[PDB]
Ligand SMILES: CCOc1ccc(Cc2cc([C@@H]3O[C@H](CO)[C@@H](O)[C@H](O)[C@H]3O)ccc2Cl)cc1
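Only one chain comes next, encoded as structure tokens, the form solved without this ligand.
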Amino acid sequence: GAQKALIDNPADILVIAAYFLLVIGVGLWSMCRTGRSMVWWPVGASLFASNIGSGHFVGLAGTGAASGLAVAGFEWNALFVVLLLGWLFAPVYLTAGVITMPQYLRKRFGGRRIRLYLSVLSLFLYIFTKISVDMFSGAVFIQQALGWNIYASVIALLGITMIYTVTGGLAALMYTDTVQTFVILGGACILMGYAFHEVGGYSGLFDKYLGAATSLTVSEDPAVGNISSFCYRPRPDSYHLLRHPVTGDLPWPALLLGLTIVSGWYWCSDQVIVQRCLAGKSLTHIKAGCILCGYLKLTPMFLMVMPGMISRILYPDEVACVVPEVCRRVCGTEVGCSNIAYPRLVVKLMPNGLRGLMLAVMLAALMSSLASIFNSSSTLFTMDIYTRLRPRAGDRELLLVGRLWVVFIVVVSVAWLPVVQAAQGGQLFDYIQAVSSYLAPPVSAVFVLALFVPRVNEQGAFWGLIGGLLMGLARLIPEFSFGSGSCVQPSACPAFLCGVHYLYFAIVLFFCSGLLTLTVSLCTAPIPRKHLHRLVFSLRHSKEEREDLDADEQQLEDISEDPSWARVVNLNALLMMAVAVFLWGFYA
């Protein structure tokens, strides 16, 4: 049931089929075939591509189409945070002898409680933030390509995902990941080129976006009424990075002080970020790659965000639709529709042949990303949480419970899929960053206090963590539950709660849980100094043998650099940051 749709000419059919035959080709080959050593350039480029996933294209273009240029702010916070990985959070995992921040918080506080809690928190942030967002992004791409419901589309994205996993898949990653990322950035550059051609240049985008609004502004359903021009016409400031502190969609204050709290937690504590970061031969290599990955945080603004805007100019009757009836008719959700910006742009601009390659590669990536995250949530669940409940495991038995977990989280993500669909007025970006502002800032506070206040004991961290979840859930649940609605039909939850921007609530939850940590901490017994060495910043150059806190439950450790190459790397970070800041000043 598909005819004379821009994917149904067999140039693109042959190209999509060929690529998902070549990925199973690399995979069955891989099945039968069978910390250091990565250099500045390759380990910079792995950080970049760690965050370029179809979910990013969808959301960052979509929010581009909705709000103008200031989601690009997001990305330019990222490069200052990656620098601070490369300088602050990367040395600490090197000095401590750890890899994971769970391994660090096992050495730093000691108890099985904080490992248990972060593990359960990580399960909720893969169900809410990774699995459901990836399923949703597949659904969107597929709908714009071959009109199909969300539910039918995920049935298919999970069908191809299961036959990715069982036919090699995650074994044959390094080959597939290198080639997927090369042709995503290739495809993205070609399609950007086509978008700026179609709008009539760069001058075209800027002279045409602020008038790009829809013609259909009235609803059959009364109560909605004659829809206001506040809502349907684009925002009067949408060429600027820095917005009003209080009435901005992405307030300046918030972006700076509050994305750091949340982007910080992502770069300090992700499995993939830290696992790819600690592949250098050296801290100099790590630092110089973390400089190159900044130079790759400005490409997305052109590659992802400006195409969202050109998706609004070219296709305003769909991308910028306001009326509850017309939105459902185009994107399947009353609340809005910007989410279709990047996929609609791919289907309708990229010419025959190339079109299928770009759809194939954006789809094989969600196959890989889903398969990665199912494996990762399975180990974490199978080890941390079952072992604790029942440490009597037949490894056969365990491998069942490992497989039965993946069934449960497929189902709970698919259950959650319509909340992700109309999440923040139909803005995937905002939902991702809003979930991560409700759940991250406690952990941000406990890791920035662990590592710079040695007085903070274990009682402290745990109750900081648990007192941050209750404040955070006192807004994350209440908001996904009273609905969020949108511009046309405002929400219902009150602003004693969901008034303020989610990034401002991240700032308050950061400082609040922080003080819980400090106060429970200073009312209990301190950690003795002897089992704190090369864990706190005050004791990183100590050279004194310590009697580890995890060692109580048991009964690549170099930060050297050539100072000539260290002067080189510190120069290149300061040049890159000046370049970044000038690009920010231009688009402020």
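Take the two forms, find the largest set of C-alpha atoms that superpose within 1.5 Å, and that set is the rigid core. In case it trips you up, residue 1 is the first one in the sequence shown, and so on.
Below, we turn to the form deposited with this ligand bound, even though it does not appear here.
Placing this ligand onto this chain after superposition of the site C-alphas, with its pose taken in the entry with it bound, gives at least three ligand atoms within 2.4 angstroms of backbone or C-beta atoms; the site is classed as blocked. Taken together, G332, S486 and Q489 are entirely out of contact with this ligand in the entry with it bound: none brings a heavy atom within 4.5 Å. Checked against this ligand in the entry with it bound, the candidates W267, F381, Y93, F447 yield a single residue with a heavy atom inside 4.5 Å, and that residue is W267.
Of the listed positions (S263, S122, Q421, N457), a single one reaches within 4.5 angstroms of this ligand by any non-hydrogen atom in the entry with it bound, namely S263. This ligand is not shown here, but in the entry with it bound it comes within 4.5 Å of a heavy atom of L60.
In the entry with it bound, this ligand sits beyond 4.5 Å of every heavy atom of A195.
Interface membership of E75, defined by any non-hydrogen atom within 4.5 Å of this ligand in the entry with it bound, is confirmed. Although the partner is absent here, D430 sits close enough that one of its heavy atoms falls within 4.5 Å of this ligand in the entry with it bound. Looking at 323-331, 254-262, 402-410, 489-497, the stretch with residues near this ligand in the entry with it bound, meaning non-hydrogen atoms within 4.5 angstroms, turns out to be 254-262. Contact residues in stretch 37-53 (any heavy atom within 4.5 Å of this ligand, taken in the entry with it bound) are limited to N51. Core-based superposition between the shown form and the other one shows that, of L88, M471, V500, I385, only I385 has its Cα displaced by 2 Å or more.
With the core held fixed, the Cα of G280 is displaced between the shown form and the other one by 2 Å or more. Put the two forms on the same core and the Cα of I261 is off by less than 2 Å between the shown form and the other one. With the core held fixed between the shown form and the other one, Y164 has its Cα displaced by at least 2 Å.
The pair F510 and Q424 separates in the entry with it bound: their C-alpha atoms are at least 3 Å more distant from each other than in the form depicted. Annotation: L473/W416 CA-CA distance longer in the entry with it bound than in the displayed model, change of at least 3 Å.
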